[PDB]
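Working notes for the structure below.
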Protein chains: 2
Amino acid sequence: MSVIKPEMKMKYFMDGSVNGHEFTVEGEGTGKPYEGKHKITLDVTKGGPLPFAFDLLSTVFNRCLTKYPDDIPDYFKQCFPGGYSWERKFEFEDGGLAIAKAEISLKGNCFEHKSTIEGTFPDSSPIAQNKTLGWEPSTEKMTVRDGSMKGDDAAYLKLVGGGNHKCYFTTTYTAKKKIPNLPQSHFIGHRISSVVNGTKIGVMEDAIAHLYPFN
Amino acid sequence: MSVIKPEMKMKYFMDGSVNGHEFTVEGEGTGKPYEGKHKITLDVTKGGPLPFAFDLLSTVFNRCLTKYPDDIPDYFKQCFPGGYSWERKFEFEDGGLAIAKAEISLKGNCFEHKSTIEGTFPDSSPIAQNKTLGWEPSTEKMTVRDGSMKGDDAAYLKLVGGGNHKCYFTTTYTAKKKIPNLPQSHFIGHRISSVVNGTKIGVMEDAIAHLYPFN
């Protein structure tokens with residue numbers, strides 16, 4: 001935990017394929033790990049402009065960036081020194097499916113985030129048609145299973161016309177060194193936003209762990 | 001909404017079958033709809049003592065019993081006069097599956113709740129073996145879809161040994177009369193507890209709607 005500081009920097013590299021379209025995205029960011037806030041700037045360097053919704057990738061671009069209250073142990077910040085990895089399965093309501101993997105390491109004051117994602121979607125999918133309008137704020141259920149954290153989120157995309165599109169996130173987050181203070185089950189409230197301008201993309205996330213309303 | 005009062009009474013009748021075992025459960029309760037609190041007493045009148053975990057049935061035994069803040073419309077209390085129904089699919093991590101249906105009507109100060117449930121579980125399931133130890137407090141994601149509320153909850157059962165067992169709840173709640181003030185997407189925090197003594201069973205639920213932490 002001590003190597004996780006109040007202000008940190010981040011670098012990102014992603015390789016992926018969606019419906020056969022290969023792409024590469026890279027960038028950097030800054031954030032406040034203990035406040036649960038960070039911002040990122042990215043560039044699509046291969047396969048741009050992306051022909052599918054960036055919302056599919058935004059949550060792939062680090063649970064160390066979460067505000068944790070004193071009464072809930074912070075598994076993620078305890079992952080350093082050591083590093084950790086995570087894998088998220090995305091199950092969309094129309095049958096769309098994607099799996100993303102990330103490895104997060106630390107050198108100095110910089111988190112190095114390397115990820116990959118593979119996805120397949122029907123042609124009618126609002127992800128395939130690049131027509132989703134962001135994720136609604138969400139609540140991820142956190143549990144512990146064999147020394148790993150498991151996260152379950154019923155995520156929803158906003159659509160043109162006011163409707164929504166469900167995507168289940170099923171994630172396993174795993175330290176590379178045994179975590180000594182495992183938390184009780186809890187929730188993480190999220191609010192992520194992203195903006196795409198051509199091949200330049202911005203992302204920001206606020207995340208707070210809690211046990212509201214019963215604490 | 002006006003027929004939903006600060007203190008109300010409840011009656012319950014349930015018919016079901018789990019792994020071929022048919023049963024009937026009946027009882028009554030009292031609660032405070034606007035405070036999001038209620039308590040229930042039940043008796044297994046056919047097929048008792050139940051050979052499977054009562055946790056499978058506890059959430060089947062009424063979203064009108066939820067505390068709603070002023071800034072989030074209360075779809076459920078707007079269902080009266082009129083009544084509503086709901087259907088919940090339960091998907092357990094070992095392949096166990098159940099579907100429950102309920103219809104809720106009102107006469108005077110009494111909610112009449114009639115439900116059915118069908119479930120199939122592998123013999124090794126902690127539900128089939130009647131060895132789960134209650135649900136952890138949860139957060140249900142609420143969205144609106146074509147005049148109905150949809151609820152998604154990543155529910156977890158506590159097990160002997162400290163582990164947990166996941167069950168996805170996918171529920172559709174639907175008024176019998178068009179609801180005039182539909183809510184924005186939101187969360188409902190739950191804490192349900194039940195106690196089984198032979199064929200006598202007690203249940204209590206606290207539920208609060210919210211948009212924490214970002215409101």
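Identifiers in this document derive from the order of the structure tokens: chains are assigned A, B, ..., residues are numbered from 1 separately in each chain, and ligands are numbered from 1 in order of occurrence.
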I need the strand (DSSP E) residues of region 12-177 of chain B per DSSP on the backbone, written as a ChimeraX atom specification.
/B:12-18,21-32,37-46,84-92,97-107,110-120,132-135,138-145,148-159,164-175
Using DSSP assignments from the backbone, pull out every residue in region 11-180 of chain B that falls under helix (DSSP H, G or I) and give it to me as a PyMOL selection string.
chain B and resi 55-58+77-79
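Take the candidates B:118, B:94, B:22, B:205 and check each one against chain A using only C-alpha atoms; the shortest distance goes to B:205.
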Pull out every residue of chain B that has at least one atom within 12 Å of chain A, counting only C-alpha atoms, and report them as a ChimeraX atom specification.
/B:36,67,135-147,150-158,162-170,184-192,205-215
Spatial neighbours of residue 77 (chain B), 8 Å, only C-alpha atoms, chain gap at least 3 places, as a CSV table (one decimal) with N, CA and C atoms, in the first residue's frame:
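result_14.csv written:
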chain,number,residue,atom,x,y,z
B,1,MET,N,-51.1,5.7,-5.1
B,1,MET,CA,-50.2,5.8,-3.9
B,1,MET,C,-50.9,6.1,-2.6
B,4,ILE,N,-51.6,3.4,-0.2
B,4,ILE,CA,-50.5,2.7,0.5
B,4,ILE,C,-50.3,3.6,1.8
B,64,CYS,N,-43.3,-2.5,-2.9
B,64,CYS,CA,-43.9,-1.3,-2.3
B,64,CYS,C,-43.3,-1.1,-0.9
B,74,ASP,N,-41.4,6.8,-7.0
B,74,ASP,CA,-41.7,5.4,-6.4
B,74,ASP,C,-42.7,4.7,-7.3
B,80,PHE,N,-50.7,1.3,-6.9
B,80,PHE,CA,-52.0,1.2,-6.2
B,80,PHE,C,-52.7,2.5,-6.2
Selection: 12 Å around residue 123 (chain B), only C-alpha atoms, excl. self and same-chain fewer than 3 positions, as a list in words:
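In the requested format, the answer is residues 18, 19, 51, 52, 94, 95, 96, 120, 126, 127, 128, 129 and 130 of chain B.
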I need the residues from that last selection saved to file as a PDB file, in the first residue's frame (with N, CA, C and O atoms), if you can.
ATOM      1  N   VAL B  18     -39.651 -27.801  -5.938  1.00  0.00           N
ATOM      2  CA  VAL B  18     -38.202 -27.714  -6.072  1.00  0.00           C
ATOM      3  C   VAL B  18     -37.669 -29.138  -6.216  1.00  0.00           C
ATOM      4  O   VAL B  18     -37.841 -29.967  -5.309  1.00  0.00           O
ATOM      5  N   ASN B  19     -37.016 -29.431  -7.336  1.00  0.00           N
ATOM      6  CA  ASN B  19     -36.499 -30.767  -7.550  1.00  0.00           C
ATOM      7  C   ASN B  19     -37.598 -31.803  -7.324  1.00  0.00           C
ATOM      8  O   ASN B  19     -37.344 -32.864  -6.743  1.00  0.00           O
ATOM      9  N   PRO B  51     -37.144 -29.528   2.393  1.00  0.00           N
ATOM     10  CA  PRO B  51     -35.870 -30.225   2.238  1.00  0.00           C
ATOM     11  C   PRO B  51     -34.830 -29.382   1.490  1.00  0.00           C
ATOM     12  O   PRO B  51     -33.787 -29.891   1.108  1.00  0.00           O
ATOM     13  N   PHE B  52     -35.105 -28.102   1.281  1.00  0.00           N
ATOM     14  CA  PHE B  52     -34.144 -27.239   0.593  1.00  0.00           C
ATOM     15  C   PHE B  52     -34.085 -25.935   1.392  1.00  0.00           C
ATOM     16  O   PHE B  52     -34.920 -25.701   2.280  1.00  0.00           O
ATOM     17  N   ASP B  94     -23.870 -22.750  -9.650  1.00  0.00           N
ATOM     18  CA  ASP B  94     -23.631 -24.158  -9.981  1.00  0.00           C
ATOM     19  C   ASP B  94     -24.635 -24.673 -11.014  1.00  0.00           C
ATOM     20  O   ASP B  94     -24.746 -25.889 -11.228  1.00  0.00           O
ATOM     21  N   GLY B  95     -25.360 -23.778 -11.667  1.00  0.00           N
ATOM     22  CA  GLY B  95     -26.340 -24.240 -12.633  1.00  0.00           C
ATOM     23  C   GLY B  95     -27.755 -24.322 -12.074  1.00  0.00           C
ATOM     24  O   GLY B  95     -28.690 -24.523 -12.831  1.00  0.00           O
ATOM     25  N   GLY B  96     -27.908 -24.201 -10.760  1.00  0.00           N
ATOM     26  CA  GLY B  96     -29.234 -24.213 -10.173  1.00  0.00           C
ATOM     27  C   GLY B  96     -30.069 -23.109 -10.841  1.00  0.00           C
ATOM     28  O   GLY B  96     -29.542 -22.041 -11.167  1.00  0.00           O
ATOM     29  N   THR B 120     -34.908 -26.126  -9.997  1.00  0.00           N
ATOM     30  CA  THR B 120     -34.174 -27.360 -10.246  1.00  0.00           C
ATOM     31  C   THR B 120     -32.742 -27.080  -9.847  1.00  0.00           C
ATOM     32  O   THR B 120     -32.162 -26.058 -10.237  1.00  0.00           O
ATOM     33  N   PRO B 126     -25.907 -26.080  -2.375  1.00  0.00           N
ATOM     34  CA  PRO B 126     -26.128 -25.777  -0.962  1.00  0.00           C
ATOM     35  C   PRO B 126     -27.597 -25.396  -0.775  1.00  0.00           C
ATOM     36  O   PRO B 126     -28.111 -25.396   0.344  1.00  0.00           O
ATOM     37  N   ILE B 127     -28.297 -25.057  -1.876  1.00  0.00           N
ATOM     38  CA  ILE B 127     -29.737 -24.798  -1.752  1.00  0.00           C
ATOM     39  C   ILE B 127     -30.428 -26.168  -1.609  1.00  0.00           C
ATOM     40  O   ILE B 127     -31.255 -26.392  -0.730  1.00  0.00           O
ATOM     41  N   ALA B 128     -30.071 -27.113  -2.466  1.00  0.00           N
ATOM     42  CA  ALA B 128     -30.696 -28.426  -2.379  1.00  0.00           C
ATOM     43  C   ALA B 128     -30.423 -29.104  -1.049  1.00  0.00           C
ATOM     44  O   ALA B 128     -31.269 -29.830  -0.546  1.00  0.00           O
ATOM     45  N   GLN B 129     -29.222 -28.892  -0.502  1.00  0.00           N
ATOM     46  CA  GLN B 129     -28.846 -29.524   0.763  1.00  0.00           C
ATOM     47  C   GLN B 129     -29.288 -28.747   1.987  1.00  0.00           C
ATOM     48  O   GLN B 129     -28.981 -29.141   3.113  1.00  0.00           O
ATOM     49  N   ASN B 130     -30.003 -27.657   1.767  1.00  0.00           N
ATOM     50  CA  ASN B 130     -30.500 -26.834   2.871  1.00  0.00           C
ATOM     51  C   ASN B 130     -29.360 -26.416   3.785  1.00  0.00           C
ATOM     52  O   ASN B 130     -29.431 -26.585   5.019  1.00  0.00           O
TER      53      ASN B 130
END
Separating CA of residue 105 (chain B) from CA of residue 176 (chain B), to the nearest tenth of an Å, is a gap of 10.2 Å
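Minimum atom-to-atom distances from A:25, A:60, A:104, A:3 to residue 41 (chain A) were compared using only C-alpha atoms, and the lowest value belongs to A:25.
When only C-alpha atoms are used to compute distances to residue 50 (chain A), the closest of the residues A:200, A:93, A:13, A:171 turns out to be A:200.
Put simply, CA of residue 98 (chain B) is 27.1 Å away from CA of residue 30 (chain B).
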How far is it from CA of residue 45 (chain B) to CA of residue 23 (chain B), in Å with one decimal?
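Distance reported for this atom pair: 7.4 Å.
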Using only C-alpha atoms, the shortest atom-to-atom distance to residue 177 (chain B) among B:133, B:79, B:195, B:100 belongs to B:79
Rank A:148, A:132, A:66, A:174 by their smallest atom-to-atom distance to residue 160 (chain A), using only C-alpha atoms, and report the top residue only.
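Ranked by minimum distance to residue 160 (chain A), first place goes to A:132.
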